[PDB]
J.: 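The structure that follows is given in the form of structure tokens.
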Amino acid sequence: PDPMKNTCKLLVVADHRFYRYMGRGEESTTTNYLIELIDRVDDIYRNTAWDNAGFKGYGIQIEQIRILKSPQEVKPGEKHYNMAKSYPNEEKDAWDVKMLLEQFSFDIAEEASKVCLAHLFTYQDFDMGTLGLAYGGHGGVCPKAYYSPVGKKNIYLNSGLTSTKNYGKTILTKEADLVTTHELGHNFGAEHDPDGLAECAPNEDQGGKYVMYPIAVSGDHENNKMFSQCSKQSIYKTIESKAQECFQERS
Ligand SMILES: O=C(NCc1ccc(Cn2c(C(F)(F)F)nc3ccccc32)s1)[C@H](O)[C@@H](O)C(=O)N1CCC[C@@H]1c1cccc(Cl)c1
Ligand SMILES: [Zn+2]
């Protein structure tokens with residue numbers, strides 16, 4: 001491990017929904033929530049031995065927090081991830097998750113090119129219990145250009161998002177930590193843990209599921225906060241390939 005190239009710096013964005021419903025319309029409350037969450041998620045990453053040996057001490061650090069206090073004014077037929085209305089169905093509380101991630105990546109392209117990852121924190125009730133989305137596991141850590149034919153410019157796939165609202169209520173902080181861990185897990189290169197690999201998807205008596213399980217099943221079992229051997233193997237290759245590219249020294 002290179003201690004000079006072990007941290008993935010983050011651009012953290014809180015939208016107007018997050019600022020209002022999680023930040024109680026205050027900058028201090030918004031930022032304190034995000035600062036503590038990322039630090040707790042960083043403890044999971046930094047304490048993980050990706051090769052089950054000495055390849056550890058890799059994590060994340062906030063470089064900047066962009067706080068969007070109010071909705072983005074849009075011209076007719078124009079869209080933006082921070083606009084007041086959901087897209088494609090404005091009658092719904094939330095965007096289609098995949099479209100929101102594409103939109104966020106488009107709008108944040110200039111800033112995303114200068115950071116290891118960009119993460120959007122929102123407060124919207126996605127359909128069928130979805131809590132987040134991210135690129136990787138193409139995309140993930142270190143900006144990789146994608147020419148958007150619709151958008152007519154390069155966008156970067158070093159992005160992900162977390163919503164702290166599910167089924168009409170604010171999720172617990174212990175649950176939000178797992179969402180962000182999981183989405184950043186995809187950014188770091190991990191796929192979902194499959195049922196066919198018992199080592200990677202244990203029973204409840206064996207400590208439960210690991211963080212990369214596709215379903216936010218529990219939140220109270222030991223393994224829930226940890227990466228499976230399947231995730232470690234995938235992430236191990238990514239860090240080996242990407243740390244030199246965009247990782248920095250821990251501040
Ligand atoms: O919303 C998602 N995950 C959130 C989580 C799943 C499990 C996590 C941790 N976790 C666990 C526990 F797992 F530890 F138990 N118990 C938890 C209890 C509370 C909170 C978190 C918890 S967070 C999607 O996976 C998304 O990232 C994705 O890839 N998606 C989204 C759409 C397309 C694609 C997609 C692609 C293929 C299949 C699906 Cl389901 C979705
Ligand atoms: Zn996932």
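First listed ligand is number 1; within each ligand, the first listed atom is number 1. Numbering of residues begins at 1 and proceeds along the displayed sequence. Scope of the values below: all heavy atoms of this structure, side chains included, with no hydrogens, waters or symmetry mates.
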J.: Of all the atoms in ligand 1, which lie at a distance below 4.0 Å from a heavy atom belonging to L133?
T.: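 So the answer, numbered in order with elements, is 28 (C), 30 (N), 31 (C), 32 (C), 33 (C), 34 (C).
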J.: When you measure from the SG of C116 to the SG of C246, is the result less than 2.5 Å?
T.: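 The answer is no, since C246 and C116 keep their SG atoms 2.5 Å or more apart.
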J.: For ligand 1, which atoms, with element, lie under 4.0 Å from some heavy atom of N224?
T.: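 What qualifies from ligand 1 is 14 (F), 15 (F).
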J.: With heavy atoms of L131 as the reference, note each atom of ligand 1 found under 4.0 Å away.
T.: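 Every atom of ligand 1 under 4.0 Å from some heavy atom of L131: 1 (O).
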J.: Measure SG to SG for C200 and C230 and state whether it is below 2.5 Å.
T.: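 Yes, because the SG atoms of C200 and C230 sit under 2.5 Å apart, which meets the disulfide cut-off.
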J.: Can you sort out the partners of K69 under salt bridge (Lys or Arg N to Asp or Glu O under 4.0 Å), two or more places apart, ordered by chain and number?
T.: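 Result, salt bridge (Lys or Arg N to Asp or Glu O under 4.0 Å) vs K69: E27.
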J.: Under 3.5 Å between some N or O of ligand 1 and some N or O of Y213?
T.: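 By distance alone, the answer is no.
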J.: Considering the heavy atoms of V179, write down every atom of ligand 1 situated less than 4.0 Å from one of them.
T.: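 Near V179, meaning under 4.0 Å from one of its heavy atoms, ligand 1 has 23 (S).
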J.: Mind listing the protein N/O/S atoms less than 2.8 Å away from the Zn ion (ligand 2)? Waters don't count.
T.: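 Those protein N, O or S atoms (cut-off: under 2.8 Å from the Zn ion (ligand 2)) are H182 NE2, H186 NE2, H192 NE2.
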J.: List ligand 1 atoms under 4.0 Å from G132, heavy atoms only on the residue side.
T.: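 The list of qualifying atoms is 1 (O), 2 (C), 24 (C), 26 (C), 27 (O), 31 (C).
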J.: Classify the contact between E175 and ligand 1 as side chain, backbone, both or neither, using a heavy-atom distance cut-off of under 4.0 Å.
T.: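 The answer is both, backbone and side chain.
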J.: Considering only residues two or more places apart or on different chains, which pairs with a residue in residues 51-68 satisfy side-chain hydrogen bond (donor to acceptor under 3.5 Å, both in side chains)?
T.: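 Qualifying pairs: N52-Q229, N52-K232, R66-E111.
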J.: Against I155, only a single residue in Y146, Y147, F104 fulfils side chain to side chain contact (heavy atoms under 4.5 Å, CB included); can you say which?
T.: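 So the option named by the test is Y146.
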J.: Is there a donor-acceptor contact under 3.5 Å from the side chain of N223 to the main chain of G208?
T.: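 Flag set: sc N223 to bb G208 pair under 3.5 Å.
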J.: Please work out which of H192, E183, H186 has its closest non-hydrogen atom nearest to atom 39 (C) of ligand 1.
T.: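 Nearest heavy atom to atom 39 (C) of ligand 1 lies in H192.
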J.: Could you list the cluster mates of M4? Members are the ILVMFWY residues connected by side-chain heavy atoms closer than 4.5 Å, either directly or through other members.
T.: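 None; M4 is a cluster of one.
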J.: Can you tell which of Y21, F18, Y123 makes a side chain to side chain contact (heavy atoms under 4.5 Å, CB included) with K165?
T.: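 Running side chain to side chain contact (heavy atoms under 4.5 Å, CB included) over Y21, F18, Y123 with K165 returns exactly one hit, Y123.
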J.: Backbone N or O of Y135 within a donor-acceptor pair of the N187 side chain at under 3.5 Å?
T.: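 Yes, because the side chain of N187 sits within donor-acceptor range (under 3.5 Å) of the backbone of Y135.
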J.: For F126, is the nearest heavy atom under 4.0 Å from an atom of ligand 1?
T.: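 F126: no contact with ligand 1 (<4.0 Å).
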J.: Within 45° of the axis and under 6.0 Å from the centre of the six-membered ring of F106, does NZ or CZ of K153 qualify?
T.: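 Yes.
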